[PDB]
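For the sequence shown, the UniProt record's numbering gives the first residue as 4, with consecutive numbering after it.
Quick reminder that beta carbons are idealized off the backbone N, C-alpha and C, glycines included.
The structure under discussion appears below in the form of structure tokens.
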Amino acid sequence: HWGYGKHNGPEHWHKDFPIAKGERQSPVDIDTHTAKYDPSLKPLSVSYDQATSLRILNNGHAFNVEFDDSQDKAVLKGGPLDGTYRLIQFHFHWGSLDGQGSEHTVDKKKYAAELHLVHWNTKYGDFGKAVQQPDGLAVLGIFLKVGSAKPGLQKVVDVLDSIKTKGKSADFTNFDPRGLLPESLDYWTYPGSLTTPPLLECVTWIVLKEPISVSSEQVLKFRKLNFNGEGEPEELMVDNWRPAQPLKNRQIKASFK
Ligand SMILES: NS(=O)(=O)c1nnc(NC(=O)[C@]23C[C@H]4C[C@H](C[C@H](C4)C2)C3)s1
Ligand SMILES: [Zn+2]
Numbered sequence: 004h005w006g007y008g009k010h011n012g013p014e015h016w017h018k019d020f021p022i023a024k025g026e027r028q029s030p031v032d033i034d035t036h037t038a039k040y041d042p043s044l045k046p047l048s049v050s051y052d053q054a055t056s057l058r059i060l061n062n063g064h065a066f067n068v069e070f071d072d073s074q075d076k077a078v079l080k081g082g083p084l085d086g087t088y089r090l091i092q093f094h095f096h097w098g099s100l101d102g103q104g105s106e107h108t109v110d111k112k113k114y115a116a117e118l119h120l121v122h123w124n125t126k127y128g129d130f131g132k133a134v135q136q137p138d139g140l141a142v143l144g145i146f147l148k149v150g151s152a153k154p155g156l157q158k159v160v161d162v163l164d165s166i167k168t169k170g171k172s173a174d175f176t177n178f179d180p181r182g183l184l185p186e187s188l189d190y191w192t193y194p195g196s197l198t199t200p201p202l203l204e205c206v207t208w209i210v211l212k213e214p215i216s217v218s219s220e221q222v223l224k225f226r227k228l229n230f231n232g233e234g235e236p237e238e239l240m241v242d243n244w245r246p247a248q249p250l251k252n253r254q255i256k257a258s259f260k
């Protein structure tokens, strides 16, 4: 089944998931000179003060930190969004090398990794219904570069030893996702898709202009994870990113100049 290897990687996904060649696929290259400033875009509202993290899980393609999304505890609104979107999970995509790993690119530049905070539109009642709607999800994307350590990421890094292999989970309570945000909330936005199968076209992408910096040691610990389950041959979880897809009939908008 699908993955990031030579025989099941992004170039193969379209066989099981024909929408891979669809009209609003993600990620994309963000051409900063062609992105249109949109003065009517509202400031993002990130309200994570009441966030309740529950668990961290190695799902065989990345690790997800999951949140309680049965009430409005951590929500995203404003920006290009109408209504309220609840945080359900975050995860990362990263490379085998610092020069690659992000899914979105900026003027063709790849970052070392990319964080996705996934939210769903509460008007649809649950995440399963939301992914079937064109405005069902809002994903906040944040680039990572290697430099100084990100203090707020360290609790994540330190639990990875306990979820090395596919299917492993660990209690992960009281984690504050605010510690992963850059200083500025300036963003680009466009309509797109999930970047992993089923590749559903249900996402309003909000990609922050300002990367966070993480340390060499922090990203190295990401790369010690495994795609495989325990007792299966070891394959390091690296390069779990989908490359840029055709923009087609879409305009990327900027919240800033
Ligand atoms: N890379 S990306 O952000 O476009 C995404 N690509 N796929 C995502 N899938 C989900 O978010 C899931 C959310 C919760 C329910 C479903 C099962 C777990 C827990 C995963 C799907 S995000
Ligand atoms: Zn993702």
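Near ligand 1: residue i beta-carbon under 7 angstroms from a heavy atom
i	result
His119	yes
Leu197	yes
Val222	no
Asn61	no
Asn67	yes
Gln28	no
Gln92	yes
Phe130	yes
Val142	yes
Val206	yes
Between the CA atoms of residue j and residue i - distance to the nearest angstrom
i	j	result
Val210	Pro236	36 angstroms
residue 267	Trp208	This structure cannot speak to residue 267, because the chain is shown only from 4 to 260.
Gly144	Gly234	34 angstroms
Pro30	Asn177	30 angstroms
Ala257	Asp138	19 angstroms
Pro42	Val142	21 angstroms
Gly8	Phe230	10 angstroms
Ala38	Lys45	17 angstroms
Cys205	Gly86	15 angstroms
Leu188	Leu47	7 angstroms
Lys80	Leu90	11 angstroms
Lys227	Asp129	33 angstroms
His122	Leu140	6 angstroms
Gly232	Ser99	20 angstroms
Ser172	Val159	13 angstroms
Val149	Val134	33 angstroms
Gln53	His10	43 angstroms
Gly182	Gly104	21 angstroms
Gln136	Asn124	9 angstroms
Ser56	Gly102	31 angstroms
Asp19	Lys132	21 angstroms
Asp161	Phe175	11 angstroms
Counted within 10 angstroms of its Cβ, other Cβ atoms place residue i as buried (16 or more) or exposed
i	result
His4	exposed
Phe259	exposed
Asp72	buried
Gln28	buried
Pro249	exposed
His119	buried
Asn252	exposed
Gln74	exposed
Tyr40	exposed
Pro21	exposed
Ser165	exposed
Test item: CB-CB of residue i and residue j under 8 angstroms
i	j	result
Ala116	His94	no
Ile255	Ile59	no
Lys212	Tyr190	yes
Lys153	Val217	yes
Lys224	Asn61	no
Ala77	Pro180	yes
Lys24	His15	no
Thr35	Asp110	yes
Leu163	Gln221	no
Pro246	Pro83	no
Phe146	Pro201	no
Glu106	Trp244	yes
Proximity test, residue i beta-carbon vs ligand 2 heavy atom, cut-off 7 angstroms
i	result
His64	no
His96	yes
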